[PDB]
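Trainee: Take a look at the following structure, please.
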Amino acid sequence: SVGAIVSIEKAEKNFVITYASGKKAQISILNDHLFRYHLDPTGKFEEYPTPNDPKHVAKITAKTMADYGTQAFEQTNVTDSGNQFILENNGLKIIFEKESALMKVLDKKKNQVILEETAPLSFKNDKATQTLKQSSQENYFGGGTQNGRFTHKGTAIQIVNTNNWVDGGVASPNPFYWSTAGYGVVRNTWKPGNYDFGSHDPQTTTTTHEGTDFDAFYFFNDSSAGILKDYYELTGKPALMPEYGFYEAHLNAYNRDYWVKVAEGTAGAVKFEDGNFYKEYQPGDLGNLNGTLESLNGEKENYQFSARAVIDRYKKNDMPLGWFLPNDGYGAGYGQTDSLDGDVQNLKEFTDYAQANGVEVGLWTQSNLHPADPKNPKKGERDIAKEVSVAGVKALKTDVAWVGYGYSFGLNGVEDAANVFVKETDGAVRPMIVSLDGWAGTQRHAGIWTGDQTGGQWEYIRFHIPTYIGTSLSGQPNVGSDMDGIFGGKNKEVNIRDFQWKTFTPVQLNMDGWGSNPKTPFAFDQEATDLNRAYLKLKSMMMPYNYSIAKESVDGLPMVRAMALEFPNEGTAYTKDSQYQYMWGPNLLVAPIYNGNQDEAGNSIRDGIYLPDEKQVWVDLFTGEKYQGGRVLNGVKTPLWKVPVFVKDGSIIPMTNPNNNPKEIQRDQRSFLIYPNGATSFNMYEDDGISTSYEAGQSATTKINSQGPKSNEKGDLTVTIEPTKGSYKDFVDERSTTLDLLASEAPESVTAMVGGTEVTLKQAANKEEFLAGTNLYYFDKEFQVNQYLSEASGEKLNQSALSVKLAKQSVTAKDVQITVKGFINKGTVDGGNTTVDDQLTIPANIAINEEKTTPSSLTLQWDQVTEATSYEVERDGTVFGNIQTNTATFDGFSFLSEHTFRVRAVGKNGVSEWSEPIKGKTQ
C-alpha cells in the first residue's frame with residue numbers, strides 16, 4: 001500500500017525514506033549492527049509507542065536513541081545504485097529495492113544476506129505485518145514464556161497476554177524473536193501480535209502486531225550471546241537476584257482461613273503435630289463448622305496453623321528456605337488489628353521471627369502500593385513504605401489483578417515496585433520481584449513464574465522444561481514455577497522428580513494452600529522428604545557456581561541454556577530432540593524424568609538423552625560413570641533417587657558447605673570440584689548478596705584455571721587460582737581452599753605455591769586426618785559429592801578423588817598454584833570406542849516391522865549379532881545408542897513422511913561397519 005521508494009535522504013539524525021504514497025519511514029543507525037525502522041503512516045515519529053494508559057511511563061527501551069550516540073549514523077553512507085538505495089557502514093549493507101520497497105540486510109563479514117523481505121509491509125485490517133524469507137536450516141527462538149515450547153520453526157506463536165498458564169498458553173509474552181540466520185527483532189509496540197514461522201509455507205515467516213505503526217529494532221550478531229547482549233543493551237540487563245532468591249520459598253495466606261478437625265481419611269485431611277487431622281476452610285465456606293483461625297505468629301491458641309509453625313517445619317526437616325510470603329491473594333491480609341499500623345506491627349513480628357531463622361519475607365503486592373492518604377491510612381489499605389521500612393519485607397509477588405491487563409500495565413507496575421523498593425531501602429536491598437504477564441524489558445526489574453497449574457501429574461514436568469528453556473532464550477534468565485503445582489498432588493514420584501530437576505533452575509516456589517496436600521518438600525513419606533532434602537542441599541552447595549552463572553546471565557547467556565547455546569554447530573541442539581533437556585550453565589547437562597515409564601525393577605526409562613559432541617566425555621554427576629558424546633541414548637534406567645545429570649568433562653564447579661540460607665555459607669572457605677580435561681577455566685563471581693551496590697562496582701571475581709591431560713589420560717595437572725579482584729561490604733579476604741580433583745589413581749606428587757612461596761604438603765594417611773588437618777592432600781576412593789543423596793538413595797555413590805586443602809590466606813594478595821605429577825582420571829567410557837572392529841558382524845536383514853508402522857512412528861528390526869553388547873541406529877543422520885535388543889522405535893514424525901536408517905553392532909572392542917541405508921514411510 002505504501003508503494004515504491006522515491007528517495008532516501010540523510011537527515012540531521014536519521015535516514016528519511018519517502019514512498020510514492022507520500023508516506024515516510026525513518027531508519028536510525030544506533031550502532032554498527034543495530035538499526036530502528038519506523039514507518040509512521042500517520043506522521044509524528046515520536047520516540048516511544050503509545051502505552052495502554054497515559055499513566056504508564058515505563059519504556060520498552062532502557063537506553064534512549066540519543067544514549068547510543070551519533071557515531072554509527074555518521075559512519076553510514078546512502079547511495080543510489082540504479083534499482084536499489086543502499087545504506088552501508090563497516091558491518092552491514094541495508095539494501096532497498098526502489099520499485100518493490102523490499103529491504104534486505106547483507107552481513108559484510110559473512111558476505112551473506114541475513115534478512116530479506118519477500119513482500120512489502122502490509123497495514124490491512126488495523127495490523128502491521130512484515131513478510132520475510134525463511135531458509136531450510138533457519139531456526140527461531142523467543143516470544144517470551146511460550147508454554148510448552150522453545151523452538152518455533154514451522155509453528156505460529158501468539159505474542160499475547162493470554163492469562164493461560166498451561167501447555168499451549170503464554171504466561172508472559174515478549175515481542176522479541178531471533179533467527180539463527182544471525183538477527184534479533186524487537187517490535188517497539190505495546191500491542192498484541194502473532195509470529196508465523198512458516199507454519200504452512202515453510203519459505204515464509206510473517207510477523208504481525210495490531211496497530212497502524214511499524215516500528216522495530218533489528219540487531220545483527222553472529223553468536224546467540226551477542227543477540228541476547230543486544231536485546232539487554234536495548235531493553236535492560238536482567239536484574240541479579242539476591243542470593244536468597246536462589247533458595248526455595250514458601251507462599252500462602254495465614255491471616256484469614258480456618259482449620260476444622262475431621263476424621264483421618266476425610267477428602268484432603270491434613271495431619272498436624274497434635275496427631276489430629278484438619279481440613280482448611282475460607283471463612284465464607286465454614287457454615288456451621290467449629291474452626292481454628294490462622295494467624296501469622298500463632299499467638300491465638302492456634303500455633304500449629306500459623307506461618308511461624310511452617311518456618312519451624314522447614315527447620316525441623318532440615319530444608320533450605322530463602323523467603324516466606326504470608327499474605328498471598330485477595331482478602332488475605334497480614335494482620336487482624338483495627339489499623340494498618342497494627343497489621344504492619346504483626347507483619348514486623350513475623351519478619352523478625354523469619355529473620356531469626358535466616359528467612360526473608362515477601363508480600364503479595366497490589367496495584368494500590370500506597371493508602372489513598374499515606375499520612376491517614378485505613379484498615380486493609382496497603383503501604384509499601386511501611387511494609388518495607390517498618391516490617392522489613394524484602395521480596396514482592398505481583399497480584400494478577402494488577403499486572404493481568406498485560407503489556408504496559410505489567411512493565412509500569414514492576415518498574416514502579418522496583419523503584420519505590422530501592423528508594424525505601426536506600427539501595428541497601430536490591431529488588432526481588434516475581435511477576436508474569438511481562439513484555440519487552442520486564443527482565444530488568446522482575447523474574448517470572450508460569451502461573452497456576454495442577455501438579456501430581458507427569459504433564460506438569462513435561463510442559464515446564466521447554467517453557468523454562470524458551471523463557472531464557474527470550475532474555476528472561478530469572479524463571480521459576482510452583483514446586484509440584486498450586487493444584488493437585490498426591491503423586492510421590494512426580495513430587496520427587498519435580499524437586500530433582502528444579503535443583504538446577506533459578507526460582508522454586510512452594511505455592512501452598514490450594515493443593516491435594518500441603519506444598520512443602522516434606523508433604524510425602526520419609527523417602528520423598530530425604531530425596532527432596534538431598535537435592536535442595538545440592539543446590540545450596542552449588543551456590544558459588546549458581547551465582548556465577550547468574551552474574552553471566554546479567555549480560556550474556558541465561559542460566560537455563562537451550563542445547564544450541566552451548567553446541568551451536570550440532571543440528572540436534574536446535575530441534576525438539578532438545579526440548580526436554582538443557583545446560584545449567586556451561587558445565588551440567590540436565591535431562592529430567594518427565595513421564596511414568598518404568599521397567600520391572602521400578603527404574604524410570606529415560607529415552608532421548610542427547611549427549612552433544614562426538615569428541616566430548618560426559619560424566620554422571622552422582623556415580624562418575626562416563627559416556628561418549630555424539631549420540632542420543634534410549635532406555636536409560638533411572639532409579640527414583642536419581643535425575644540424569646552429566647558433567648562436561650573439564651568442568652570446574654565452585655562449591656560451598658551445605659546450608660539452608662545464605663547466612664549459613666562459610667565465607668572464609670572456598671571449594672572447587674574439578675573434572676580436569678585439557679585447559680579449562682571458570683570465573684567465580686561474588687558480592688554482598690543483597691544490595692544494589694553490585695551496580696556501582698562493588699563485587700569480586702576469581703579466575704580458576706585447570707591445565708591437565710585429556711579425559712582418561714595421564715599427565716601433569718596445574719590448577720591455578722588467580723588473585724581475587726574487587727571488594728564489597730563485609731568482603732572476607734582470609735579464606736582456606738579445598739580442591740576436589742576427580743582422579744582414578746594416587747598421584748606421583750602434589751606441590752603447592754601460594755603467592756610465589758612453596759607450601760609443604762603432607763599426604764594424609766586416612767580421611768579422618770585429611771578432614772582434621774590443612775596443607776594436606778588425600779587420594780580418596782570413598783569421596784561423596786552429596787552424602788545426603790548417598791543416605792537417601794541407600795547407595796554409597798563413592799567416587800575416587802585427589803583432594804587438596806590449603807591453610808587460610810589472603811585471596812587478594814596471594815594466588816594458588818597446585819601441580820600434580822602423574823594425574824589421571826580414567827574410567828571406561830560407554831560409547832568411547834567408535835573404531836570399526838573387523839571381527840564384529842554388520843547386523844543382517846535390516847527391515848521395517850510394517851505391522852508396528854503408525855502415522856508418527858517407525859519400528860526398525862534386524863538379526864542378533866552374538867558378540868554385540870548393544871546396537872546403534874542412525875535416524876536421518878542422528879546416532880541413537882544404548883539399544884539393548886535387536887529392534888528400536890522412533891517417534892515424532894509427520895504423516896506420510898520418509899526417514900533413512902542405518903544400524904551397527906557395539907561390542908567390547910568397538911563397532912561394526914554401518915549397514916546399508918533402509919527407508920520407512922509413516923501412514
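The chains in the C-alpha cells are called A, B, ... from first to last as shown; in each chain the residues are counted from 1, and the ligands are counted from 1 in the order shown.
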Determine, counting only C-alpha atoms, which protein, DNA and RNA residues have an atom within 7 Å of an atom of region 550-564 of chain A; residues of the same chain fewer than 4 positions away are not included. Present the result as a PyMOL selection string.

Mentor: chain A and resi 225+228-229+232+237-240+469+472+477+505+546+568+573-574+578+582-585+685

Trainee: Pick the closest to residue 314 (chain A) from A:533, A:150, A:271, A:281: which is it, counting only C-alpha atoms?

Mentor: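 Among the listed residues, A:533 lies closest to residue 314 (chain A).
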
Trainee: Quick one: everything within 12 Å of residue 836 (chain A), counting only C-alpha atoms, minus sequence neighbours fewer than 3 positions away in the same chain. Send it as a CSV table (one decimal) with N, CA, C and O atoms, in the first residue's frame.

Mentor:
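Resulting contents of around-v9.csv:
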chain,number,residue,atom,x,y,z
A,833,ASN,N,34.7,-46.3,22.4
A,833,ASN,CA,35.4,-46.9,21.2
A,833,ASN,C,34.5,-46.9,20.0
A,833,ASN,O,33.5,-47.8,20.0
A,839,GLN,N,36.0,-57.9,13.3
A,839,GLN,CA,35.5,-59.2,13.8
A,839,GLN,C,34.0,-59.1,14.2
A,839,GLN,O,33.4,-60.2,14.4
A,840,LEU,N,33.5,-57.9,14.3
A,840,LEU,CA,32.1,-57.7,14.7
A,840,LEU,C,31.2,-57.6,13.4
A,840,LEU,O,31.4,-56.6,12.6
A,841,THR,N,30.3,-58.5,13.2
A,841,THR,CA,29.4,-58.6,12.1
A,841,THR,C,28.5,-57.4,12.0
A,841,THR,O,28.0,-56.9,13.0
A,842,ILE,N,28.3,-56.9,10.7
A,842,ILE,CA,27.2,-55.9,10.4
A,842,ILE,C,25.8,-56.6,10.7
A,842,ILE,O,25.6,-57.7,10.2
A,904,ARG,N,24.4,-50.4,13.4
A,904,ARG,CA,25.7,-51.1,13.6
A,904,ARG,C,25.7,-51.7,15.0
A,904,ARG,O,24.9,-51.3,15.9
A,905,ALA,N,26.5,-52.8,15.2
A,905,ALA,CA,26.7,-53.5,16.4
A,905,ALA,C,27.7,-52.7,17.2
A,905,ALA,O,28.6,-52.1,16.6
A,906,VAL,N,27.6,-52.8,18.5
A,906,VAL,CA,28.6,-52.3,19.5
A,906,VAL,C,29.1,-53.6,20.3
A,906,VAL,O,28.2,-54.3,20.8
A,907,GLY,N,30.4,-53.8,20.4
A,907,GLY,CA,30.9,-55.0,21.2
A,907,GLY,C,31.9,-54.4,22.2
A,907,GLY,O,32.0,-53.2,22.3
A,908,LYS,N,32.7,-55.3,22.8
A,908,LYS,CA,33.6,-54.8,23.9
A,908,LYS,C,34.9,-54.3,23.2
A,908,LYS,O,35.8,-53.9,24.0
A,909,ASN,N,35.0,-54.3,21.9
A,909,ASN,CA,36.2,-53.9,21.2
A,909,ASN,C,35.9,-53.0,20.0
A,909,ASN,O,36.6,-53.0,19.0
A,910,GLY,N,34.9,-52.1,20.1
A,910,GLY,CA,34.5,-51.2,19.1
A,910,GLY,C,33.2,-51.6,18.4
A,910,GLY,O,32.4,-52.3,19.0
A,911,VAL,N,33.0,-51.1,17.2
A,911,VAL,CA,31.7,-51.1,16.5
A,911,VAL,C,31.8,-51.9,15.1
A,911,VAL,O,33.0,-51.9,14.6
A,912,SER,N,30.7,-52.4,14.6
A,912,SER,CA,30.7,-52.9,13.2
A,912,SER,C,30.7,-51.7,12.3
A,912,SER,O,30.4,-50.6,12.7
A,913,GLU,N,30.9,-52.0,11.0
A,913,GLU,CA,30.6,-51.1,9.9
A,913,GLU,C,29.1,-50.8,10.0
A,913,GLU,O,28.3,-51.6,10.5
A,914,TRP,N,28.7,-49.6,9.5
A,914,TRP,CA,27.3,-49.2,9.3
A,914,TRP,C,26.7,-50.2,8.2
A,914,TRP,O,27.4,-50.4,7.2

Trainee: Hey, which of A:408, A:789, A:370, A:130 ends up closest to residue 54 (chain A)? Count only C-alpha atoms.

Mentor: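 So, comparing all the options, the nearest one is A:408.
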
Trainee: A:456, A:283, A:624, A:773: which is nearest residue 806 (chain A), counting only C-alpha atoms?

Mentor: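 Of A:456, A:283, A:624, A:773, the one nearest residue 806 (chain A), counting only C-alpha atoms, is A:773.
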
Trainee: Using only C-alpha atoms, pick whichever of A:616, A:592, A:72, A:30 has the shortest atom-to-atom distance to residue 579 (chain A).

Mentor: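 Distance minimum relative to residue 579 (chain A) lands on A:592.
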
Trainee: Write out as a short mmCIF file (atom, residue, chain, number, x, y, z; two decimals) with C-alpha atoms, in the first residue's frame each polymer residue whose atoms come within 10 Å of residue 896 (chain A), counting only C-alpha atoms; drop sequence neighbours fewer than 2 positions from it.

Mentor:
data_model
loop_
_atom_site.label_atom_id
_atom_site.label_comp_id
_atom_site.auth_asym_id
_atom_site.auth_seq_id
_atom_site.Cartn_x
_atom_site.Cartn_y
_atom_site.Cartn_z
CA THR A 854 1.78 -45.78 12.67
CA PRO A 855 1.25 -42.17 11.41
CA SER A 856 4.00 -40.75 13.75
CA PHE A 893 7.39 -37.96 12.63
CA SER A 894 4.86 -36.21 10.28
CA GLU A 898 10.07 -40.82 4.74
CA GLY A 920 10.44 -46.33 6.05
CA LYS A 921 7.20 -44.31 5.42
CA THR A 922 4.73 -43.36 8.24
CA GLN A 923 0.99 -43.93 7.41
#

Trainee: Nearest residue to residue 202 (chain A) out of A:382, A:796, A:152, A:814, using only C-alpha atoms?

Mentor: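 Distance minimum relative to residue 202 (chain A) lands on A:152.
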
Trainee: At a cut-off of 8 Å, using only C-alpha atoms, what residues contact residue 918 (chain A)? Leave out same-chain residues fewer than 6 positions from it and give the result as a PyMOL selection string.

Mentor: chain A and resi 846-847+900-902

Trainee: Output the selection as a PDB file, in the first residue's frame - C-alpha atoms for each residue.

Mentor:
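The result, stored in result-v1.pdb:
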ATOM      1  CA  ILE A 846      17.600 -54.706   8.478  1.00  0.00           C
ATOM      2  CA  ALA A 847      13.785 -54.305   7.991  1.00  0.00           C
ATOM      3  CA  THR A 900      16.540 -43.142   6.486  1.00  0.00           C
ATOM      4  CA  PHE A 901      18.079 -45.714   8.922  1.00  0.00           C
ATOM      5  CA  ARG A 902      21.446 -47.500   9.283  1.00  0.00           C
TER       6      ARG A 902
END

Trainee: Go through region 147-258 of chain A residue by residue and, counting only C-alpha atoms, keep those with an atom at most 8 Å from region 333-348 of chain A; for each kept residue give the shortest atom pair and its distance in Å to one decimal, ordered by chain and increasing number, as a tab-separated table.

Mentor:
residue	atom	partner	partner_atom	distance
A:253	CA	A:333	CA	7.8
A:254	CA	A:334	CA	7.7
A:255	CA	A:334	CA	5.7
A:256	CA	A:333	CA	7.3

Trainee: For residue 175 (chain A), which residue among A:210, A:566, A:599, A:264 is the nearest when counting only C-alpha atoms?

Mentor: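 Under the stated criterion, the closest residue is A:210.
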
Trainee: For the atom pair CA of residue 436 (chain A) and CA of residue 36 (chain A), what is the interatomic distance in Å to one decimal place?

Mentor: 27.5 Å

Trainee: Pick out the residues sitting within 12 Å of residue 755 (chain A), and hand them over as JSON, numbers by chain; count only C-alpha atoms, and ignore anything fewer than 6 positions along from it in its own chain.

Mentor: {"A": [720, 721, 722, 723, 809, 810, 811, 812, 813, 814, 815, 816, 817, 818]}

Trainee: Keeping C-alpha atoms, export the residues of the selection given above as an mmCIF file, in the first residue's frame.

Mentor:
data_model
loop_
_atom_site.group_PDB
_atom_site.id
_atom_site.type_symbol
_atom_site.label_atom_id
_atom_site.label_comp_id
_atom_site.auth_asym_id
_atom_site.auth_seq_id
_atom_site.Cartn_x
_atom_site.Cartn_y
_atom_site.Cartn_z
ATOM 1 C CA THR A 720 45.789 -22.027 39.335
ATOM 2 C CA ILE A 721 43.523 -19.785 41.438
ATOM 3 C CA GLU A 722 44.350 -16.201 40.364
ATOM 4 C CA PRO A 723 44.124 -13.416 42.991
ATOM 5 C CA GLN A 809 45.465 -16.989 53.065
ATOM 6 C CA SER A 810 44.666 -13.527 51.630
ATOM 7 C CA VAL A 811 42.738 -14.359 48.408
ATOM 8 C CA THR A 812 43.521 -10.786 47.126
ATOM 9 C CA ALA A 813 47.295 -10.651 47.946
ATOM 10 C CA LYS A 814 48.319 -14.281 47.061
ATOM 11 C CA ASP A 815 47.376 -16.736 44.270
ATOM 12 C CA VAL A 816 47.321 -20.576 44.460
ATOM 13 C CA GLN A 817 49.182 -22.923 42.072
ATOM 14 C CA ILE A 818 48.820 -26.724 42.634
#

Trainee: If you measure from CA of residue 413 (chain A) to CA of residue 443 (chain A), what distance in Å do you get, rounded to one decimal?

Mentor: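 Result for CA of residue 413 (chain A) versus CA of residue 443 (chain A): 12.9 Å, one decimal.
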